[PDB]
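Below is one structure, written out as structure tokens; comments come after it.
If you read the sequence from its start, that first residue is 1, and numbering goes on from there.
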Amino acid sequence: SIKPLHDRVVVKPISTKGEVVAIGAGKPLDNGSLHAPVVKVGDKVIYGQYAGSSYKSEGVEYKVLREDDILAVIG
């Protein structure tokens, strides 16, 4: 259900690994555009074990991170 904003990313856990489950539209820029995200739904990612905020849904725990919390796309 959760819809991330700006450059927020929702990750399902699976430093810790996890998959990208939702992505924001993009951080707004001064100059009137959005910074396009550099991750996509489906990406497996690594992030700091305690980066961002948790939020549970249907008993699944998710993380809402800033893109800057994401170290690396793994595949």
**Asked** For residues 17-30, which residue pairs qualify under side-chain hydrogen bond (donor to acceptor under 3.5 Å, both in side chains), counting only residues two or more places apart or in two chains?
**Response**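 As it turns out, there is no side-chain hydrogen bond (donor to acceptor under 3.5 Å, both in side chains) pair with a partner in residues 17-30 once direct neighbours are skipped.
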**Asked** Which residue pairs pass the side-chain hydrogen bond (donor to acceptor under 3.5 Å, both in side chains) test with at least one member in residues 31-49, sequence neighbours excluded?
**Response** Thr16-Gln49, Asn31-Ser33
**Message:** Apply the hydrophobic cluster definition, ILVMFWY joined by side-chain contacts under 4.5 Å directly or through others, and give me every member besides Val10.
**Reply:**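 Besides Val10, the hydrophobic cluster comprises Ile2, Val21, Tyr55, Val60, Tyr62, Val64, listed by chain and residue number.
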**Prompt:** With ILVMFWY side chains joined below 4.5 Å, transitively, what does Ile74's cluster contain besides itself?
**Reply:**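 Grouped by the 4.5 Å side-chain rule, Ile46, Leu71 form the rest of the cluster around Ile74.
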**Asked** Of all heavy-atom pairs between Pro37 and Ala25, which one has the smallest distance, and what is that distance?
**Response**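 The pair with the smallest heavy-atom distance is CD-O, 4.1 Å.
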**Asked** In the single-linkage hydrophobic clustering (I, L, V, M, F, W, Y; side-chain heavy atoms under 4.5 Å), do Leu34 and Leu5 co-cluster?
**Response** no
**Prompt:** Does any pair with a residue in residues 49-65 pass salt bridge (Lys or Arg N to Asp or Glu O under 4.0 Å), and if so which ones, sequence neighbours excluded?
**Reply:** none
**Pairs touching residues 64-75 that satisfy salt bridge (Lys or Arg N to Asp or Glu O under 4.0 Å), sequence neighbours left out** =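 Output for this query lists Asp7-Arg66.
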